[PDB]
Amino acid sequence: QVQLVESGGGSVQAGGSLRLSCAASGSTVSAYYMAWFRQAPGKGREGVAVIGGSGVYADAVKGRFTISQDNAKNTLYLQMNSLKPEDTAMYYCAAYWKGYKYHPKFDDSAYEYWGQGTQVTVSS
């Protein structure tokens, strides 16, 4: 129903920036609640940001990361500034249908669709 493909992962020296993209096919992103998650080696998958209002962000990325959603390219973005080693992780996009009148926020197990993810490596 919605198929998600991430891109933009790479290596970045600490203090620099990077923008991840997630393209969506088969359904408009406006019909789904979209979110970014990340999974560092030796930790569980955890919430980065969700689309809505002026964006809701994990404390760890507040003030540094920006989530956005372009409806006409049917694409999500994660703009990552002031990258730190701690931000090294596999980054994932996810979608939960809006028609269930429920937003799981950062409960990863509830989301229905996932992208393959992309490695972000931040070298100090």
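In case it trips you up, residue 1 is the first one in the sequence shown, and so on.
Colleague: I need to verify one thing: averaged over C-alpha atoms only, is the B-factor higher for 88-96 or for 39-47?
Modeller: According to the PDB entry, the answer is 39-47.
Colleague: Looking at the entry's B-factor column for C-alpha atoms only, identify whether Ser109 ranks in the lowest, middle or highest third of its chain.
Modeller: Within its chain, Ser109 is a lowest-third residue by C-alpha B-factor, going by the deposited values.
Colleague: Which third of the chain holds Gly9 when residues are ordered by C-alpha B factor: lowest, middle or highest?
Modeller: Middle third of the chain for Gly9's C-alpha B-factor.
Colleague: How does the C-alpha B factor of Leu78 compare with the rest of the chain: lowest, middle or highest third?
Modeller: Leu78: CA B-factor falls in the lowest third of its chain.
Colleague: What third of its chain's C-alpha B-factors does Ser25 belong to: lowest, middle or highest?
Modeller: According to the entry, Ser25 has a C-alpha B-factor in the chain's lowest third.
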